[PDB]
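J.: First the structure, then my questions, so here it is.
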Amino acid sequence: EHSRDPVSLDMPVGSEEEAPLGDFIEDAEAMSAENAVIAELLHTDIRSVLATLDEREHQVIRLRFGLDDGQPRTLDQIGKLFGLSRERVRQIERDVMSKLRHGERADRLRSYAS
Amino acid sequence: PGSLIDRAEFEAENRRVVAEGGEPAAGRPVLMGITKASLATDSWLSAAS
Amino acid sequence: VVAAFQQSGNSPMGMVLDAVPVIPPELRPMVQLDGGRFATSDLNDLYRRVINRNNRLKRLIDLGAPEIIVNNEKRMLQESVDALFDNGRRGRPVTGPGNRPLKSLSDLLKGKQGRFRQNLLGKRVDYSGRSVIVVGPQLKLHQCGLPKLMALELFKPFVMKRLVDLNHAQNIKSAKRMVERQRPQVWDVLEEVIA
Amino acid sequence: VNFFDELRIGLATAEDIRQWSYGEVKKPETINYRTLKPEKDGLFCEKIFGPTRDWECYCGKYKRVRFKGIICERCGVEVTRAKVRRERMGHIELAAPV
Amino acid sequence: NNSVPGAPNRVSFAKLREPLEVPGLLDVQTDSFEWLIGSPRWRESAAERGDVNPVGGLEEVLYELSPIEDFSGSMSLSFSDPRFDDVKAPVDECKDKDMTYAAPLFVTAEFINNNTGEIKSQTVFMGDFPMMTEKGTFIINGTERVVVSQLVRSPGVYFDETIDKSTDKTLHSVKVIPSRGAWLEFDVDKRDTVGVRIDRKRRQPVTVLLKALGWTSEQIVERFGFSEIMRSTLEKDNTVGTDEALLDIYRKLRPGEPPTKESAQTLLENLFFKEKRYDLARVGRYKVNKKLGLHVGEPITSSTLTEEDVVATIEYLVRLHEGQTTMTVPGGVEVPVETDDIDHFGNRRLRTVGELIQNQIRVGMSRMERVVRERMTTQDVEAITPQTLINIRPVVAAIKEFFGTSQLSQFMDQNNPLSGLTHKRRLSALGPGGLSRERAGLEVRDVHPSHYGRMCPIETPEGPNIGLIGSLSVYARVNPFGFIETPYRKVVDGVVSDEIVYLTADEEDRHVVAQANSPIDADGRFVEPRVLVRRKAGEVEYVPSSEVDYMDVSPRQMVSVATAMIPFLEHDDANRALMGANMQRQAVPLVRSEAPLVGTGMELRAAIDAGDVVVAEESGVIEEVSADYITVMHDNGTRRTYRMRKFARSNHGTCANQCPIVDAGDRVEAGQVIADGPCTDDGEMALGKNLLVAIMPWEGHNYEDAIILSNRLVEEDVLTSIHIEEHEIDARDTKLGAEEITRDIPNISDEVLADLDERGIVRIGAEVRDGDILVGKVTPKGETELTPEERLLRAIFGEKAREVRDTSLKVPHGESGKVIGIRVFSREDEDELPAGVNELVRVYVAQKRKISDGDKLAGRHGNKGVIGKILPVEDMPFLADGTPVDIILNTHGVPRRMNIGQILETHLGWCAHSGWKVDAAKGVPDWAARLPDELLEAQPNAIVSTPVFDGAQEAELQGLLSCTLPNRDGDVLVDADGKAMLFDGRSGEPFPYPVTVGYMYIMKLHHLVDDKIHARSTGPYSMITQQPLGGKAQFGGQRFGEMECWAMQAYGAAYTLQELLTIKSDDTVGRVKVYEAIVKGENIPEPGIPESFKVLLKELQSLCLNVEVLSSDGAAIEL
Ligand SMILES: [Zn+2]
């Protein structure tokens, strides 16, 4: 397979010279709709839903999970930033999970999980 | 001499040169085909196509 | 010719080249087709030839050799650049497979496949379609009939938006999925959105 | 924006070819067979033209999205959208005039 | 006179008896390959024909090559006696398993060493050969392939003539066109420089070359003395001396090389007399001998040009210039002298499949021979054996390349038996070795008076390939040399003789040909002293009934097979007949085929020879018959079983079925049809159904070629068609992992995956809709950090990253129906798959299509149409007895298009359907004098036939229409004129005037509306150009060309044109912005610069052209 002559994208295909092969090659980037519309829409829905989280919880997500500054700060790192321990934050995280999975929040976020 | 020039520019240049004393240039009207007319009056960008 | 050059204010030195440019790679893409077989435009081959000749010239100059071989390789580089800018404009065109001529750089502009004539042939547009036409005498002069299967797929953004706004869908993704599935809730909105 | 009064053409000179180009092509290698990615100073190098993936670095030092206009000192590549790869130019240096 | 035992009985309006039955309609395709391979049947056929030397194709090609030897003369090899082996697997297995129908061939190679005098001979394997099935087709990689014959100009001598514009003096130009070698042009010019153009060189005088050949000057003087211009040219040449002439020739051909007598002589011999470098096909040498009348008394063995030929050509040129009517040469008989015609079929030969395959194998064998000689010149001479010498790779490679990519190896279209039969019978005039569309002039696309009986002048493609693609006439046959022959019965002394002879173009030209329609007494005496006759070239004039020399066989001799089954073809126009013939090849096989009420006698023979109907090989008695298979007990005690393929996808999407039409305990005679394939009712072609037609405009729904159909057709499945799609996916190994098909798919609901089985494929018989998953597969993944929220959602729900992506094959857009069959090939089971693949599965989806708006219908007379509306059965006009009409056709399109034959077909169809009983108590009426005695009485729904150019005259129809039987109610609907008083379906009141009614045969074309509908709001885009694009699965955008831009500019519309070319075509960011804006409430933004202009600038700069846009100030601008 490594020993093979490549096909020049400029050879005619169909033999009528109505187009050369390089014409019929798709891209592999964000489509006009695939990512653009869904990415922007879920970003706006993020500004709507992830904003509903408490201010302290909003910062928790922004740092440990990485909304604002990225770099998901491990429980130890975010604890260093806030002074909290690795065990206490887990209970608040699970409470946030329980809060989000019920109601309009989960209804909004289902579409972006599939 | 012997170069085709549009009437407007030729007349304007002739008036400009004559007003300062330069002698007039003798020319006669001439028609030409659509192909040559298009080539004479067009952009190089449009001419290449 | 000489008067055209004199009026310019530039120099005729531009005819002799000392640095040939290269088009950006996206204009000459190397893409992996299905079956893991590589594909690439001939521009890459021509650029490879020119680069190899230039590097060999540099190596010969660095080491040093009798002027016969150096002159031969200089002729080689000149002919390679000539082939790059145009194949067949002079001499025997280069052909790797099946004695087929490599589409030179200037060939992208001239000929039937050139960019100028292709642009003169127009472009392919979105939000369009075609179908057979059947006479309908029930229509007014300012009317036409569009099959729903075509209107739905052609008005997709408008109809999906309006469907979202009527609360039939919670967001854009659900609306797109429903339009693709063509649920019965889409036809009313589609009739509403092409008034 | 879209004010183009005139469009002119001229004969490029050694200096003009270099000014358009962002980098010089030194070697003919097109792609690395094992990593399927462009080679240093080849016909596809990111150092010359641009990054293959948007907001990505060749070595990954500055792979995060929040690096705009920062050239990675480790590999000297720019961090911008992949579409720049269709815009930026290069130039070869002829050892003898042609 | 039904040749086949069990033909349906359909009386015909035949007033003449054909002395010769139609030959095997596929004989042209089969005989060529039979000659190629070489079989006893071909050998005995050739011996019967009287050929002195029966030589096959393979043996000829590899005999002319032998004996290959080295220059030193110490080595030499030969191989001959080519014989084949048995086939690998049956045709069904090869087609089902994707194999190639072939059979290996062996050649005995005798290796001889001259110095020692030793012999080493043994059989040599030479790859596989793509044998041809009985239907005259090649099964390549499981796909049916048919190679169409080609028309090329036979090698020989052509004496062209051109007239000077100024001198106004005839200029006679001669051209020799060998199969392979130099080209000679002995052309006389105003300056009188009669010269030779060898390989397009300067016009050196012919005398110089002639003396260079050793021709003494006094011989030139004596032989050419009768010529004055040539004598003066002989006196004008300056260079003299054999050595000087040879050196001049060498310099003109190869200047700057050592000029020597030996080198010049060797070059001349190599260029002209050497067989390898310069060769003339046997046909070429035969034609040259006939033209010049030299060496006619002996069989042709030497196939190379000789000095006698050149001198004879020059003599012919000078004599023709003199104006001589004929010339004679020592050893040659008197022959005429005239300019040749290129388009004549006496000069255009036909190279069938045998010729093409022979040429390809010859090329492969020569390529092999080069390497063989190179290897043998270097390898050791002691322990050399032919086995290690012969290389088989190049020959098989050439054969495969020809069968795969050659333009003369096309997919055999399989809409219906007629389409396949016509494709096998095609006569291509383009492709490799022939003319190209652009280069070829328009003078070759016209008809020639020599096409009568050889090439059908009606049938032809309507597109740009008009005149370059025809079809063999019904009776045309291909002579061994390749010239198309036609039958004729010779008249000896004014009495027609039963025995027939086949005449080619030249023989036809030199004789006199009668006309079949010319009346002849039962004793063979021409009643008319003067009979219409056809002469040399497009000349027809009355001649005494004694000078006539030859007579045709049937009036249908000049029509193809497709055109021979258009009733009342003699009444339609040529263009309309062409359109009807072409459309007869696009019919879609329905579910229940019905034989036509009115149709020529070609239906049955075309159906039988099309190969789509199984015909018993030997007479026997059927033991048990079942839908799947039938078993017949032969009279000799041996039982045979015919397996009938059912619901098998054709080559173009249609379905092929074979329903038996025999009952248990029936004795079937040999050659009787057993089951009917697609488009066949009781062993006769049936492309469509019979519909009751009323010709009238109806409220504008049938306006301008539109058609109105009764809903009875839709609800009765009259025009219901079955189509079988085909999808396939493969699991190819990747450097990153191996793809595997599994039922489990990442992140999909169970409801969607409710139809897939454990293996991961859809269960048979499960309805599949648009966008549904058809087979689930998972592809390996590398490393790609999840987006923040996507990774979070993965964490919350316990759904792991599941790196493997989804690439499951899904039903493309606009497909539906059951899943009739699934075929899976796995590398584990030792199956042949392409390199790098392990699991290949293909799923067949079958859809049943009912006629609806947009589907195309058309009769046999070239009158297309589209279903404008499908009215309820209660709205259609109905006859006086309550029989609603099934279709309405506009009357404004019949007379304008001048295809009046359709009305006559309608009248005859009504007469046949209702049945007629000609009054005979007082005696046969005058108009019925010529009607066959069996045609005076018919039963309702009878079958009638009107052979082309010989059928029911108008008087016959006028008489029949007034004698139709009454209905069961005791009333006659149609009047004598053929019109009937209809009742309106909506208003309920009778129409003021009577309307034409009758049964017309209506087909269903393959230009269905389902495939044509196309839409695209936003899909994938190209890569280099970034314009809209995408396979027809996701549909591609339309083409807004230049004329569509001038139309927009003329309107004064400027914003629409700015949009259609920038915001929805090329803008990379404008497209996304506008899609967001439409999917949002905001306005549409302003378009930017098209990428097709940025690309243009970035490319124009790369040519070292400094292109920079500037403002009024002259400042360079950034883009
Ligand atoms: Zn880096």
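Chain labels run A, B, ... following the order of the structure tokens; each chain numbers its residues from 1, and ligands are numbered from 1 in the order shown.
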Write out as a PyMOL selection string each polymer residue (protein, DNA or RNA) that has an atom no more than 6 Å from ligand 1, with only C-alpha atoms and all ligand atoms counted.
T.: chain D and resi 57-62+72+74-75
J.: Using only C-alpha atoms and a cut-off of 7 Å, which residues of chain E sit close to chain A? Please list them as a PDB file with N, CA and C atoms, in the first residue's frame.
T.:
```pdb
ATOM      1  N   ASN E 747     -24.283   6.147  20.763  1.00  0.00           N
ATOM      2  CA  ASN E 747     -25.200   7.247  21.059  1.00  0.00           C
ATOM      3  C   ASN E 747     -26.323   7.330  20.025  1.00  0.00           C
ATOM      4  N   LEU E 793     -21.267  16.332  29.214  1.00  0.00           N
ATOM      5  CA  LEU E 793     -22.433  15.481  29.007  1.00  0.00           C
ATOM      6  C   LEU E 793     -22.040  14.011  29.004  1.00  0.00           C
ATOM      7  N   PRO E1020     -23.017  19.930   1.609  1.00  0.00           N
ATOM      8  CA  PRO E1020     -21.554  19.982   1.574  1.00  0.00           C
ATOM      9  C   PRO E1020     -21.053  20.881   0.457  1.00  0.00           C
ATOM     10  N   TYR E1021     -19.769  21.222   0.542  1.00  0.00           N
ATOM     11  CA  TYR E1021     -19.133  22.118  -0.410  1.00  0.00           C
ATOM     12  C   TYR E1021     -17.837  21.497  -0.910  1.00  0.00           C
ATOM     13  N   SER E1022     -17.397  21.959  -2.078  1.00  0.00           N
ATOM     14  CA  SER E1022     -16.167  21.463  -2.669  1.00  0.00           C
ATOM     15  C   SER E1022     -14.972  21.911  -1.830  1.00  0.00           C
ATOM     16  N   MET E1023     -13.776  21.517  -2.263  1.00  0.00           N
ATOM     17  CA  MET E1023     -12.548  21.808  -1.534  1.00  0.00           C
ATOM     18  C   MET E1023     -11.686  22.858  -2.218  1.00  0.00           C
ATOM     19  N   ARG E1071     -21.551  32.780   3.707  1.00  0.00           N
ATOM     20  CA  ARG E1071     -22.511  31.682   3.737  1.00  0.00           C
ATOM     21  C   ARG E1071     -22.911  31.347   5.169  1.00  0.00           C
ATOM     22  N   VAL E1072     -21.925  31.210   6.055  1.00  0.00           N
ATOM     23  CA  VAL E1072     -22.222  30.903   7.450  1.00  0.00           C
ATOM     24  C   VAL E1072     -23.002  32.045   8.085  1.00  0.00           C
ATOM     25  N   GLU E1076     -26.771  31.701   9.641  1.00  0.00           N
ATOM     26  CA  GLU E1076     -27.085  32.087  11.013  1.00  0.00           C
ATOM     27  C   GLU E1076     -28.169  33.157  11.045  1.00  0.00           C
TER      28      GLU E1076
END
```
J.: Taking only C-alpha atoms into account, name the residue in C:83, C:195, C:39, C:175 that is nearest to residue 143 of chain C.
T.: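 Result for the nearest residue to residue 143 of chain C: C:195.
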J.: Write out as a ChimeraX atom specification each polymer residue whose atoms come within 10 Å of residue 29 of chain B, counting only C-alpha atoms; drop sequence neighbours fewer than 6 positions from it.
T.: /B:4-7
J.: I need the residues of chain C that end up classed as alpha helix (DSSP H) by DSSP on the backbone, written out as a VMD selection string.
T.: chain C and resid 2 to 8 42 to 63 67 to 85 115 to 120 148 to 154 156 to 165 172 to 181 185 to 193
J.: Which distance in Å separates atom CA of residue 362 of chain E and atom CA of residue 181 of chain E, to one decimal?
T.: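 Taking atom CA of residue 362 of chain E as the start and atom CA of residue 181 of chain E as the end point, the length is 16.0 Å.
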J.: Using only C-alpha atoms, pick whichever of C:22, C:174, C:193, C:122 has the shortest atom-to-atom distance to residue 155 of chain C.
T.: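 Ranking C:22, C:174, C:193, C:122 by distance to residue 155 of chain C, first place goes to C:193.
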J.: Could you pull the residues within 7 Å of segment 13-30 of chain D, counting only C-alpha atoms, minus those fewer than 4 positions along the same chain, as a list in words?
T.: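 Residues meeting the cut-off are residues 14, 17, 18, 19, 21, 48, 51 and 52 of chain C; 38, 39, 41, 42, 43, 44, 48, 88, 89, 90, 91 and 92 of chain D.
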J.: Would you mind listing, for every residue of chain A within 6 Å of chain C, the two atoms forming the shortest contact and the distance between them in Å to one decimal, using only C-alpha atoms, sorted by chain and ascending residue number, as a tab-separated table?
T.:
```
residue	atom	partner	partner_atom	distance
A:6	CA	C:39	CA	5.1
A:7	CA	C:39	CA	4.7
A:8	CA	C:40	CA	5.0
A:9	CA	C:41	CA	5.1
A:10	CA	C:41	CA	5.9
```
J.: List the spatial neighbours of residue 9 of chain C as a PyMOL selection string - criterion: any atom at most 12 Å away, only C-alpha atoms, same-chain residues fewer than 6 positions off excluded.
T.: (chain C and resi 3) or (chain D and resi 10-11)
J.: Could you give me, as a PyMOL selection string, the residues within 7 Å of residue 212 of chain E, counting only C-alpha atoms and dropping anything in the same chain fewer than 4 positions from it?
T.: chain E and resi 208+242+245-246
J.: Could you dump the residues just selected with N, CA and C atoms as a PDB file, in the first residue's frame?
T.:
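Contents of again.pdb, freshly written:
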```
ATOM      1  N   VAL E 208      11.925  11.319 -58.481  1.00  0.00           N
ATOM      2  CA  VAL E 208      13.129  11.127 -57.677  1.00  0.00           C
ATOM      3  C   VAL E 208      13.016   9.850 -56.854  1.00  0.00           C
ATOM      4  N   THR E 242      21.317   7.451 -58.599  1.00  0.00           N
ATOM      5  CA  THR E 242      20.649   6.636 -57.589  1.00  0.00           C
ATOM      6  C   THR E 242      21.183   6.951 -56.197  1.00  0.00           C
ATOM      7  N   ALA E 245      19.897  10.390 -55.215  1.00  0.00           N
ATOM      8  CA  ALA E 245      18.481  10.348 -54.867  1.00  0.00           C
ATOM      9  C   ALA E 245      18.268   9.716 -53.497  1.00  0.00           C
ATOM     10  N   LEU E 246      18.970   8.618 -53.213  1.00  0.00           N
ATOM     11  CA  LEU E 246      18.828   7.971 -51.911  1.00  0.00           C
ATOM     12  C   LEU E 246      19.295   8.890 -50.791  1.00  0.00           C
TER      13      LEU E 246
END
```
J.: Output as number ranges by chain all residues of segment 463-654 of chain E that backbone DSSP marks as strand (DSSP E or B).
T.: E: 469-472, 477-478, 484-491, 495-503, 513, 525, 530-531, 534, 540, 543-544, 550-551, 587, 590, 598, 615, 620-625, 629-634, 639-643, 648-649, 654
J.: Within 10 Å of residue 179 of chain C, counting only C-alpha atoms, which residues qualify if same-chain residues fewer than 6 places away don't, as a PyMOL selection string?
T.: chain C and resi 152-153+156-157+159-160+163+173+185-187
J.: Just to be explicit: take each residue in the selection above, keep C-alpha atoms, and write the result as a tab-separated table (two decimals), in the first residue's frame.
T.:
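Saved the output as part-v9.tsv:
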```tsv
chain	number	residue	atom	x	y	z
C	152	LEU	CA	-39.69	21.63	2.46
C	153	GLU	CA	-36.09	20.82	1.51
C	156	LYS	CA	-35.54	24.38	5.39
C	157	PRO	CA	-34.09	27.27	7.46
C	159	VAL	CA	-39.56	26.52	8.13
C	160	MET	CA	-37.36	25.14	10.91
C	163	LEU	CA	-41.44	25.67	13.76
C	173	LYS	CA	-31.42	20.69	16.71
C	185	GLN	CA	-46.36	19.25	12.38
C	186	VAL	CA	-44.08	20.60	9.63
C	187	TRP	CA	-46.56	20.98	6.76
```
J.: Identify all chain C residues at most 9 Å from chain B by counting only C-alpha atoms; ligands do not count. Present them as a CSV table (one decimal) with C-alpha atoms, in the first residue's frame.
T.:
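selection.csv was written with the following content:
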```csv
chain,number,residue,atom,x,y,z
C,109,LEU,CA,-6.1,30.1,-16.6
C,110,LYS,CA,-6.0,29.2,-20.3
C,115,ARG,CA,-10.3,29.8,-14.5
C,116,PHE,CA,-11.2,32.6,-16.9
C,117,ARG,CA,-13.5,30.5,-19.0
C,118,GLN,CA,-14.9,28.5,-16.1
C,119,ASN,CA,-15.8,31.8,-14.4
C,120,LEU,CA,-17.4,32.8,-17.8
```
J.: What residues in chain D have any atom no more than 7 Å from chain E when counting only C-alpha atoms, and can you write them as a count of residues only?
T.: 9
J.: Which residues of chain E are close to chain C, meaning at most 6 Å apart when you count only C-alpha atoms, and how do they look as a list in words?
T.: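 Within 6 Å of chain C on chain E, we get residues 868, 1012, 1013, 1014, 1015, 1016, 1017, 1024, 1028, 1037, 1038, 1039, 1040, 1041, 1042, 1064, 1065, 1079 and 1102 of chain E.
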J.: Pick from A:87, A:54, A:69, A:18: nearest to chain D, with only C-alpha atoms counted?
T.: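 Once distances to chain D are computed over only C-alpha atoms, the minimum belongs to A:69.
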J.: When you count only C-alpha atoms, which of these residues is closest to chain D: B:22, B:11, B:38, B:43?
T.: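 With only C-alpha atoms as the atom set, the closest residue is B:43.
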